Structure formats: structure tokens, C-alpha cells
């Protein structure tokens, strides 16, 4: 009993700082974050579809409300993809190290670690869902972009001139958000949480 | 009764398109709109007070989320106040009108009049309220103020990188919003609603 | 009983500022006023028929009297049309909102509002009639146009030279009048009067 | 009696074509016509007094309608006065003529003479009166003076737009009318009517 | 198992009343296996009823597709037996088996023709039991030479049902890697939480082979491991040998074989019984969230009809209203265990 | 010699058990020589057994390739004598010699055809003895004229074996420089530590020649020098003359020849015996280091199998393990003498 | 006051001393016939009274291709300057005819042929 | 604000006194048509109001190889300086045409042909 806990499951531990936080693990990981954005651009759109809504709305706060709501729902497609890509390297790493042949042990040893991944793949994915639904409850105006008055990531002309600038931004701009926000999520959750678990939840329960 | 309603109580009616919609409502109103901004400045704040909240979170999206809460709630004070200033002189004009002598007749005459407009002075305020409550919820990043990475307008790399630039400017800009939006608002609502009053409700009960 | 008065017949009220005074109601309404003039031009005439009368008359005040009288009667045709066009949007709006299904109520509720339109379509039309008859009693000279000495909207030559300019104006000129005067009428009466009524004559009688 | 009427009382007759129609009527008349205008200026007014009436109405056609009333009535004074000036010297010529000795004859002779012309001095004035009374009634907009939107010659958009330009000029121009019209008038009427007098009525009663 | 029974039945009735998809789809249990697995003995052991044709070698000699249907008339109907209705489940067994034995002899004669019978009873749960003929590689008795192919396709039409508890029985005197019993069975119910590999008739194996690594649970570790069984021979079955007897014959083999002796305490049918139940509970519970959401929406609907009574001048609702309330409550309680 | 015997046998058995190259390859002893060397007499003198055909002049008149093989059945097999098995080594000699003598006469008749015999006995060491016909230059008796070439090639197929102790016997009545006996022999075993040049039949030399310088050990000094011998004539051999007798005839010549008298005390077969043994020991010992290293590695291997038992959830080894231990110990002790 | 017509006509009998026959811009009204150097009217060649103006068919005129007609005052010798008649010439007969009818209207009457 | 087009055009009627016909760099927007000596815009030849600007097909122009067109203010005499119309000339007909359509967009409308 002593042998496995002491050597088999502790050198593997140092294995894990190694693999996750380092191509090797170092920039296998980084890779996924800066190739993720490409996904976003493709299966999303902005500009003139949103633009049409403006005219009816005005006849500024009252006008804004209906406009943005219906587009935001469609941002689901890309975001999910990032999550899965993360899973590949991490889920398979933990399990690689656990058998080390004998008669008594193993079984238990697996049971503690594997089930973690199930619970934590749900975290990240769920955070994506929430974020998307959020849009229809809010449509804030404090945010970030420029002022009024590839997807970016008779004298009627004078009348709409001013109003126009307000609405248009929010669709285009939201794309900027998702591309950075998804990766950030992963870092906390997918990556770190699991990294921790396997190192230690295994050992303590064993020895006792 | 058909003759009496048709003539006697419809000539009184026409009086009121005149004053309010083309002092009365016409130019009482203008005055209040351009002294309104002063209201705004007083019971509102920005800058480094807001920064205090940040320290609790940091010491990325989820942590940032809480910040504004109690501040956005406090922007009610000025906007609401404008409403009352308009109401005072204009609402009281219609209500004066029911005494125009017989003591048998007067008692019935009074009771019918006041109520409808009374409740619909509330309407106007409520639309302002909607915009305000909205504020508290999310704060993603695209809207006006500047990006991370008259009102003015270790692993640091993920966390603090964005946080720093956003917070301070952020509050200031929403103040910008209100000051212009209120005056517009009034034009549609206050003005017309009350106009209706005398024109019709006076007649109304008598038909039965 | 409470439900209908409170909600069904009060949100409809705000409905009415909306619909009348705003294509939507805003420029559905304006439309009718500036397309009305076309009606006038067609079914009216001036110039040389009137011109013939002058010569007998002189052999200036005495001459003028007989001349203009007989033409003015014929201006009836266009004027009426405007009235009806106004009716269409307004008469149908009020009734759209009144049923909201139940057993007790409704009946009464209709009875108060509908009959108003009958009485007020008579106002406007009657004002048109009066205005037309008026001409044969007056033929004033103070008015507006230029001085003496598509429908606009031997040495005999020296003798009629001066007189001529006086009479000729009045027919041509009257057309200018009607095109603007009819719309003005409507604004006060058709439009506003009815707008008022429905908002309020309904409610008060109900609650009591 | 046939012989007496035919000769004795017809040579007296012929005298009068002479003086009046080709001092007597001929050139008494001319003098009075070109000093007549002075009369006009005195007992008449225009400009800003008239504006007072406007304030009652406004603070569009119906309101404008009342204005002129009492002013147009006051334009009688000058026009009428001219009449009397002509009458004085000319009317009294015929009436002198009945004394031309026998005391038995004179008494019958006088009574027959005066009356007919007497009443028909009234005629002339009355035709002037007609034009004057007319004034009060309507005031639509085309005639001479300028449009909205020697005598000189909120929802503002519907109401005051037209009103402003009309009122002030308006009174002035009617004064223009009278000053020229009176002199013409006289030529037809005064002159001829009285001429008749002596030529025939002298004979008249005697035939029986 | 203590949460599962009561909660499931209660939910199922409420859904039935609403005319919805009741669901809570209880497993169909079927035995498939190579020739000489014992399969009907295994199936009847778990189910608890005697109604399956039994024999040695090839056991199921006609398909019995039995459907238990809760219904008020209480009878059963054979298509091919015009004018028979059994109410007694024992009687079903007696007629099927006895009539075959008298007419075919006791030399393994089989028939592919399924017996369509539906047993109506108010004392049962809505279940489907399917006894299936064994897939084979070599004929015995008067079986045709191409028996192998006919049986294999036939059984697949019934076994595709996703919630099919297969007790994959495979004769040790045939190669386990080339076993039809394992090939079919593992496809339909892979997980191994409720499949436990049962190898019979180890006494008939060729000298020089054994299943030692598999049966010892060390080559391929399973949570519950393996349990072998030694099923009743032809002679015993003929005399209506009772349920207990099969168990006894199992012991005798194990004692003399050196390679299986030490694993004797993790053997027997009874032990196999225990495992199956525990897994079942988990499956039901997971489907719960979906049902709940649908129920909520429907209820509100009819409120509007009441709503419209009250304002403008001139029992399906009730029944449904009540039913919905019930269903929602049950769902939550099962979720919290 | 006292370290060599025991240590060698002990090592050889341990290696046999492991199924490795036992080695410790004991010398094959073969006599080669010109015509009239005596060669079989010399070979049997050292070996200690009577089994070689003997004669004067040409001696080996058929090849006897004998292989001693330790084996349990105890017999021997002639290819050309279908259905004879000797167990008695004396009997082998008796049959070969007697049967030839009766049929060919006593006039030197020879035969190149080897006699394939393998003597199985448990009382022997794994050795190969090879008696070979003498290479010649002139025929005698009824030998063919081209005898010279046939014998020479034949003997070379057996004598190439690197550890072949050649007692290079050369007749003095032929020129030593032109001697076939020395040419072959010196090629295969050059060193001279275990080759001692034996010159026979000095009594038949031509008048006017002698081997004085060579035999005196002064021309070409050797550590053990030279030993001459005078072998048995034809007449003696015929009557089964015993082993001792050859030695006696040696003396007679030496006494009358002036040039060899003084070297008499460094003569005889017995003296030749002593030298051979001492050299042999050295050869074995040097090969020891290589064997040792291989043995160590193999042992460890199976430890890992034991290792893997203890940790992860579901007699060849023994035999070898013991054998290896033995071999390593023996190697060291021999090295330290 | 009213313009009856504006159209070019060639004054065919302009001296050597003034360029020769040049085209000038005619403007006729009911009271006068005025001609300028062009239609901007900054110039003023003259203004001829229509009073007592009469019109004649001028029998070919010079020995040229011009068709001539003339205006002449019935009550005096010269019509303007030292001319007797105002000679108007066109390169085609149709140009000459249309202008002749326009003079009719203005009080230039026919006869004296 | 928005640039409609930038492209060279030849001012064909520049006086003797200023080099003669030279090519100048045109910049048209929705509010003005400005032209510089070059694209660096350090210069400023002018800024002409687009207000009341209208466009005509200029019938060949001078007796040259240039194809001309012009901008002219409907409410006044000169368009800029002392010109009446702004003459733009190209060596080819295709150059003239593409610029004419770009003026259309800017509120220079057709007619008055």
C-alpha cells in the first residue's frame, strides 16, 4: 500500500504543475486563447440589420430598448467552442498517471478524480449561457466604445444624424467582449480548478 | 341633455389646446428645462469614491460586476425633481375650473373632476425610473467611456489590466445621459396628458 | 368591475395621445392637410367668366356688387372632402379599445363615446356651409392680394384699364383662402375635440 | 290752361340745364371735391389702437372676425359730410323761384314746390351708407393689404402666423377707397337729380 | 432502491391523467447468449416468475414476447391459439412447455416462430419481458445447419430498446472472443454497471483452456466483477424442477477446479440480483428536470378564460388544473432524494 | 591442475541449467603426423584408453571420429554397422582392429572412410577425440600412389578446432623441413607450450643425417624442449601388446647413438604427460570475466513482475532465479585461484 | 408695357461708316418699337414712336437676296434719323412675314402701297 | 464631411495672366467642392458653395478637343470670381462623364439645358 501513494501518485503530482502550466504544455495552452477569436468573427454579424430598427423607435431611451434585444441571442454559436478545446488536453492528462498493475487498489483511486471533470465542465459552460441571456435584461449605456453625436472586433439625413450613432455601436462592440471574456473564464475554471483537484483530493482520502 | 352637453360644455374645452400646446404650460416649461442641469450636479458623484468598491473584488468580469450598485440608484434625485417643477403650475390650472355658483349644483360638480390626471402625473416619472433601475446588473465593456488594457466625457495581465481604466471615468458619463433625455421626455408626456383633462372629463359623468 | 376601469380603459387613454398626435399617427395626420389643396384646384375656376361682368356694372362700388356674388356658391365642391378624410382615422381609433369579453358592462361603455362622433362631424361640416354662404352678404374690399391701378392659389383699352384690376382679383384669390382655412378648422374641431372626449367622458360616468 | 301751361311755364324750365349740368352746381361742386380729402383724415384712425382687439381673441378665422367692428362704422363721418357741402348752395336755388307777386296767387303757389327734391337729397347719402355697413361681417384674406405668414397703402404656426401681418395695415386701406369713390358718386347722383326739379314739378300740380 | 419504487409509481399515474408522456420507462430484461448459456434460467431467476421454456444447451425453443399491460378485463390472448385465455401465469408455463415436449421429444428441437401473448393483469407494473433463443455456431439435435444466422437477426429487433438489461451469458466451451453472446450484448448495454458477465458450463471446456484472467476480475476490472453459474441439465428440467435447484449444481464444479476455487465467495445468482437494483435508480432521476418545466406552463393557460368574463357588454379546464399541481411536487422530492 | 578440475565441472553444470552457452570448452586431442610416426600409440598413451587402431608405419587405417556424450541410455551407434551397440570401450577396440586385420592382412592396407561412432556414457566428461590417418609422401603395401593428397585435406576438417592439442609426431627417416606432420600441426597450435616435437624411428634414418641441433634443444629453445619416442613395430601390435610395452623399445636406440645419449633423462612419454596439464588451466581462467557479467543482468529482470502486483484496481521466474546465483559465485573463486 | 415679340432682324441699310448691315435685337410693344445691341438692354440704339406708323410691302428692295418691308410715319418725311423708312431684312421669306403681322397689332396699319 | 471623390480636372478657362489651362486637384463632398494645387492641401484655390448648384451639358465649348461641362448657381450670375460657369475639361470623354455623376450626388441637379 505504501508504495503507490509515496511514489506513483506524488511524482505524478509534480507532473501536473508541469503539464498544465508548462509544443509542450506551456504554449499548447496559450495557443488556444489566441486562435479562439477567429471562431467568434465568422459565425456572428452586426451593422445594418440592427440599423433599420432605429427609425420607428424614436417616434432616445424609449427607442433604444426594443432595438438591441433580438440580436444578442445569436452570439451563442462561437462561445461554446472554446470550452471544448480546453477539455481535450486536461481531461486526458489526469487519467494518464493513475494505474502505474497489482490486485487491491486502483478502482477507488480512479473514482475520486474522474468525476471532478464532469462537475467542472458544467461550470464553465453554464457561465457562458448566463452571460448570453443577460443581454436581454440590461442593454446598458455607461460602457465602453466612442460617443454619439471580418466583423469588427428630403432632408432625412440631418434628422437621424444624431440618434444613429448610439444604437449602432452596441452590436459591433459586443463581439470585442466575447473574444476576450471566454478565455478569461477558462483560466479560472477549466484550467485551474482541475489542475488543483487531481494533485490532492486523491491522496488524502487514500491514506486515511 | 344632448343639447346641453354638446354646446355649453364644449366651448370651455377649446381654451386649453391654446395655452399648453399652442404662465401656463407653454413657457413655464421652457424655463425649467435649462435650469434643470443644476439639479443634476448637486445630488450626484463620480471618481475616486467609486474606486473603493474595486478593492474588495480585486484584493475579472464577476468581480467588476458589483461596483456601481448604490450610485446608479442615487441618480434618481435630480431627474424626478424636474417633473415636479413642471407639474406645480400646470396641473393646478385645470382643477380651478369647477366653481364657474349655485350651492345645490356645486357639490355634485366638484367630486367628478380631479382624479384622472392626478394618477397620470405618476406615469411620466415611472418611465424615468425604468432607465435608472436597469443600471445595476452587468457592465460588460463597449458603450461610451474608454477601454482598459457638464460631466466629464503578478497575473496583472488578466485581472487588473482592464479594471483600472474603466472604473473612474465610468460614473461620469451616465450623468451626461440624463441631463439631455429628461427635457426630451417631457415634451411627449407631461404636456399632452394634462391638456386632455378639461376638454373631456368635465362632460363625462353627466352622460351616465 | 375594478379591473376594466383601472387598466383596460386607462392604458388605452395614453393610446390616444399617442395615436392622434403621433406612417404612424404623427404624419398620417399631417399628410391629409398638405394633399388637401390638390382637391381645391381641380373642381374650381376663376378669370374671364367673372371678367365679362365688369363693363355693364360701371355704367366702382355700385359696379362691384353684382359681379362677384354668383361665383362663390360653386366653391362648395372641394371643401367638404377634407372633413371626411379626417373622419376615417379618428372615428375608428376610439372604438378599437373598448371591449378589452365578460357579462355585465360593455354596452354602456360604448354608448357614451360613439355618439360624440355624430355630434362633432356635424360641427366641422356646418362651419364649411356657413363660410360659403357668407360671401353673398359681404364682398369686402379691405382684404389681402395686390392693389388696382392649375387655378391660381376704339380706345376702349384705356377706359376699362383702371376698373379692371379691382374685380378680377377676388375670384382668383378666394381659392388661396379655402385651401388653408379648411385644414385649420379640422385641427380645432375634428381632431382635438374628439381626442379629448374619449380619454375622459367615459371614465367618470362609470365609476360613479 | 293748355296754352298757359305749355308756354308760360316751360321757358322758365330751360334755364336749369344750363347752370347745373351745362356759384351754381357746376363749379361750386369742383371746389368741394378736392378739399373733401381733408375731411377724411380728421375723424378716422388706423394702426395700433386696432391691435388691442386682437389680444382678446388670440389670448383663427373666428377670432380674427370680430376686430374691425366699431372702426368701419366711424368712416361715415367724412363721406356724409361731403354731401351736405354740395347740397347747401345748389338745393336752395330751385326753392327761391316761386315768388316770381299777387297775394291771392302766391299762397297756393308756394305749397306745391319744395318737397320732392328734399327727400331725394337723402338718396345719395344712403348709397354711401350701404358700402360702410358691409364692412363689419367677415374679413377672409385676399383683397388689397399684405398677406400673413393719403392713407398708407407654441402653436404659433396656425394661430398668430397669419394674424400679425394683416391687422395693422388693414384699416388704412379702406380710407383709400372712400376718398376717390365719393367724388365719382356725386357726378351721377347729386347733380342730375336736382336739375329735374324746376323743369317739371312747377307745372305739375296745376294740371290736376 | 428505497427512494425509487414509491416515487416512480406516483409520478407515472399523474402523467397518465394529463394525457402526456408518462415516461419513467422501466427496463425490459432479456437474456441473450451463445448455445448452452442457460439463458431462460437466468432470466426467470431475476424476474421471479416461472413462465419461460427451459432446457439444456439451447433453451428458448420458441420466442415468448410477453407484454404485461395493466387492464381491467384480466385475460391473455394467443394469436395462434384461437380461443385460449389464461389468467394464471403458472398455467402459461405449463401449456407452452408440456405441449412442446410431448411433440418434439427431448432432443433440442427448436422453432423461430414467436408466440404473441399479452397478459392483462391489474397486479403488475408496466414491463416488457423478452425471452430470446440462443445465437449459435454449431447445430444440435434436429436443428438446421444454418441456425446461426436466423436467430441472430431475430433477437436484435427486440434488444435495440435502449434500456435493455442484458445478462450476457456465454458458454465456456466456445471461445469468448468469438462469442455471439458478448458481441450483441455489449453493443446494447456497454456500461458494465448492470452487465455482469456470466460464463456457464466450465466443466465442458476443452482440456488446455480456461477463463482465469477474466473471471478473477484482474485482466479487466469491473466494479462488481464476475459471477459464473452452472445451469440445470436436461434431465432435471423435464420433471418441473423448481427454481432453487439450479443454484445447487453451481457449487460442485467450483470446488475441484484449482483456478476458480478462491473466487467462490463472489459467485451465485443471488449476488447478481443485488447489483442490478442499485444502478436502476440513477437512470430515472436524471430525466426529471425536463418533465417539470413542461407541467408549469400548461396550468396558467386557462386562467385567461376566467379573466375575460368580467368586462364588456353582451370542465376540461378544471380537470387538468388539478392534475398538473400533483406532478410538479413529486418531481422535486425525488431530486432531493 | 588442482584448481582446474573441480572448478570447471561445477561451472559447466550451472550454465547448462540456465540454457546458456556453458562453454569451458575442453581440448580435443588429435595426433597428426608423417607416415611412420606411431601416432595412435601417442594419442592413446595420453588419453588413457585402448580404442585406437594401431600399426607400424601407417597406423590409423580408418578414421575413428569418436564423440563422448553424457547421456542416460548408455550405448553407441555405428552408421555403417546397422544394429550394433557397444557399451564397453574395450569391445570397440577389439571389433575395429580384429575385423580389419583378418580381411586386409598385415601389409598396411588403409581406407579413408571415417567410422562414425558416438559413445554414450554417464561416466565421462564432454570431450571429442579424433584419431587421424598419417599424411604421407610415399605409399607402402597396397596403398594407392596418390595417397599423399587424400589424407591431408581430410584431417584438416577436424583439426581446425582452435583448442586442438596436437602431438606433432614426425618420422626421422623423412626430412623435417619438408615434413607434412609439422606443417599442419604448427599452424593449428603454434605456441609450443603444449606442443612438444616428437621424432620417432631414428634407427631408420639414412646414414649421414641426424636431428642433433633440434633434439638437443639448442638451435631453437623451447620451454619443455624435445622428447623422442620409439614406437611399437607391426609384430608386437598384432598380439594385442599392452600399453606399457611401447616405452621399453624407446630405450634401446638411445644408448648406442653418440649424438642423443646425453639427452636421455628428458625423454619418454611419461614426461610429455606432465607438461600438457599445466598449460591447460591458464586457458580456462581468462574466459571467466565475460561469463560473469551476462549472469548478473538476467536475474534482476523478473523482480519487476513482483513489483507490479501491489497497486492498481481490477515458475520459469523461480527456476532461473536460483540457477543464476550459483554461477556467479563459482566464477569469482576460480579467478582468485 | 406688354412685349409683343422679341426677335432678331437685320438692319439692311446701315451705312458704310457703322460696320454695314448688322443684326440687331428688336423689342416691340403696343406703344414703341425699340432696338438694342442685345437682350441685356444696356445700350439703346433708339426708340421710334408707333404713332402714325403704317406698313408697306417693299418690292424686293436693293438687288440682293433680302426680302424687305418698312415702317413709315404717315405725317412726316423721315421715320428715324435720316431714313424715310426703316428697312428690315431677313435671309428667308418666312422670317419677314411673321414680324410683319406683329407690327399690325401694335397700331402699324396696312395700305399706302 | 464624406469625400465623394478625389480626381484631377483641367480648368480650361483660366486666363493668360495665370499660366493658362492647368490641371488642379478636385475634392467634392456633400456640402462643398474645393480644389487645391495638390493633395497635401496647403494651398486653397477656393471653396464654392454647392447650394443652388445645377449642372448642364456644355455643347463642345471652345473650338478645341476638350469636352466641357459646367456648374452654375441658379440664383446668381457668376459661380465663382468673375465666371458665370466653372468649365471643367478632360482630354477624353470618359473622364468628363464619371465626374458629372459624382456632382449629381452632392446636390447639383440636372436640367436648365
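Counting starts with 1 at the first residue shown.
When the header is checked for method, it gives electron microscopy, 12.5 Å.
Cβ from N, Cα, C; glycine included.
Per Swiss-Prot, these features apply:
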- E:33-40: region 'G1 motif' (REGION)
- E:36, E:38, E:39, E:40, E:41, E:54, E:55, E:201, E:203, E:206, E:231, E:232, E:234: GDP binding site (BINDING)
- E:120: 3'-nitrotyrosine (MOD_RES)
- E:200-203: region 'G4 motif' (REGION)
- E:230-233: region 'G5 motif' (REGION)
- E:301: phosphoserine (MOD_RES)
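Contacts of residue E:36 (GDP binding site) defined by a Cβ separation under 8 A and a same-chain sequence distance of 6+ are given as E:56, E:57, E:58, E:134, E:171, E:173, E:174, E:200, E:201, E:204, in order along the sequence. Residues residue E:314 and residue E:315 bracket an unmodelled region of 406 residues, and their Cα atoms lie at a distance of 23 Å. Cα of residue E:120 (3'-nitrotyrosine) to Cα of residue E:55 (GDP binding site): a span of 27 Å. Cα of residue E:301 (phosphoserine) to Cα of residue E:234 (GDP binding site): a span of 64 Å.
Taking every pair among E:36, E:38, E:39, E:40, E:41, E:54, E:55, E:201, E:203, E:206, E:231, E:232, E:234, the residues listed as contacting GDP, the largest Cα to Cα separation comes to 25 Å. Each of the recorded positions E:39, E:41, E:120 was scored by how many other Cβ atoms lie within 10 Å of its Cβ, and the smallest score goes to E:120.
Taking the Cβ of residue E:231 (GDP binding site) as reference, residues of its chain lying under 8 Å away and at least six apart in sequence are, in sequence order, E:37, E:38, E:41, E:42, E:56, E:200, E:201, E:246, E:249. According to DSSP, the secondary structure content of the region 'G1 motif' (E:33-40) in residues is 2 helix, 2 strand, 4 coil. Its own atom aside, the Cβ of residue E:234 (GDP binding site) has 14 Cβ atoms within 10 angstroms in the protein chains shown. Under DSSP, residue E:301 (phosphoserine) is assigned to coil, being neither helix nor strand in the three-state scheme. Assigned with DSSP, the residues of the region 'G4 motif' (E:200-203) fall into helix, strand and coil as follows: 2 helix, 1 strand, 1 coil. Residue E:55 (GDP binding site) falls outside any helix or strand according to DSSP and counts as coil.
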